[PDB]
Amino acid sequence: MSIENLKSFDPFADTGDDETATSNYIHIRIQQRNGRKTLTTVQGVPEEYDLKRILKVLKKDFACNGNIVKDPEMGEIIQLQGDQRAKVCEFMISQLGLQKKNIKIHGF
């Protein structure tokens with residue numbers, strides 16, 4: 001007589017598939033507003049990237065929340081909840097392939 005038992009298992013490792021995308025400046029800024037919330041505004045992103053897909057990635061992988069909004073001064077932009085400037089910079093570099101030199105980060 002005998003019995004079956006698990007010998008080992010595979011981890012999370014896999015090969016890379018990233019590639020360089022074309023230059024164009026992006027601005028990631030922090031907001032201060034009368035509702036007391038801190039928000040991250042994303043501006044200048046290439047129109048070939050769907051803003052609704054940016055929302056979907058930042059809600060799925062980063063666990064944030066956000067919307068597309070038209071500001072009186074800053075124009076049509078994505079708002080994300082909190083100070084996510086480094087996180088959104090990393091998304092544009094990692095998932096879109098945009099080179100780091102294109103991304104401006106601004107405080108408040």
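Residues numbered from 1 in each chain as written, not as in the entry; some residues may be left out. Heavy atoms only, no water.

The protein chain has the name Eukaryotic translation initiation factor eIF-1 in the PDB entry, where Saccharomyces cerevisiae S288c is given as its organism. The deposited entry bears the title "NMR structure of eIF1". What the UniProt record of the protein chain gives under Subunit is the line "The factors eIF-1, eIF-2, eIF-3, TIF5/eIF-5 and methionyl-tRNAi form a multifactor complex (MFC) that may bind to the 40S ribosome. Interacts with NIP1." Under the UniProt heading Sequence similarities, the entry covering the protein chain gives this text: "Belongs to the SUI1 family." (UniProt positions renumbered as here; feature names shortened; annotations may be inferred.)

A.B. asks: Is there a simple way to think about the overall build of the protein chain in this case?
C.D. replies: In terms of helices and strands, the protein chain carries two helices and five strands. Along the protein chain, helices and strands appear, N-terminal first, in the series β-β-α-β-β-α-β. A compact globule built from 108 residues would reach a C-alpha radius of gyration of about 13 Å, whereas the protein chain, at 19 Å, exceeds it by more than 25%. Each principal axis of the C-alpha atoms in the protein chain carries an extent, and together these give about 75 × 35 × 25 Å. Out of the 108 residues in the protein chain, the part that is buried amounts to 32%. The long-range fraction of contacts in the protein chain, counting pairs at least 24 apart against all pairs at least 6 apart in sequence, stands at 54%. Entry remark: accessible area of the protein chain is about 8600 Å², with carbon and sulfur atoms responsible for 47%. (Helix = DSSP H or I, 4+ residues; strand = E, 2+ residues; numbered from the N terminus. Rg over C-alpha atoms; globule rule 2.2 N^0.38 Å. Buried < 20%, exposed > 50% of the residue type's maximum accessible area, 1.4 Å probe, protein only. Contact = heavy atoms within 4.5 Å. Areas by Shrake-Rupley, 256 points an atom, 1.4 Å probe, with all protein chains shown as cover.)

A.B. asks: What should I look at first to understand a negative patch on the surface in this one?
C.D. replies: Among the surface-exposed residues, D14, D17, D18 and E19 lie close enough to one another that they form a single negatively charged patch. Its place among the elements puts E19 in the segment before β1 (26-32). Judged by its relative accessible area of 69%, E19 is exposed. (Patch = residues over 30% accessible without salt bridge, like charges linked within 9 Å, V, L, I, M, F, W, Y side chains within 5 Å. Salt bridge = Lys/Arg side-chain N within 4 Å of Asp/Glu carboxyl O. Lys, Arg positive; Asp, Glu negative; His and termini not counted. Charge placed at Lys NZ, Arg CZ, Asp CG, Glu CD.)

A.B. asks: Where do I start with the sheet that holds strand β2 (residues 38-43) in this structure?
C.D. replies: Strand order in this open sheet of five strands is β3-β4-β2-β1-β5, and the pairing throughout is mixed. What marks the edges here is a single partner per strand, and that holds for β3 (66-71) and β5 (103-106). Pairwise comparison of adjacent strand axes, ignoring direction, gives a mean angle of 30° for this sheet. The sheet contact formed by β1 and β5 spans four bridges and is parallel. The partner of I26 across the bridge, within β5, is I103. Helix α1 (residues 51-60) contacts β3 and β4 (75-81) of the sheet and is inclined by roughly 140° relative to β3. Relative to β5, helix α2 (residues 85-94) is tilted by about 175°, and along the sheet it contacts β1, β2, β4 and β5. (Pairing = 2+ DSSP bridges. Axes fitted to C-alpha atoms, helices over the stretch in contact; angles between N-to-C directions.)

A.B. asks: When you look at the environment of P46 in this model, what are you seeing that I'm missing?
C.D. replies: Among the structural elements, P46 can be located in the loop between β2 and α1. A relative accessible area of 13% means that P46 is categorised as buried. If near-sequence neighbours (up to four positions away) are discounted, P46 is found in contact with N24 and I26.

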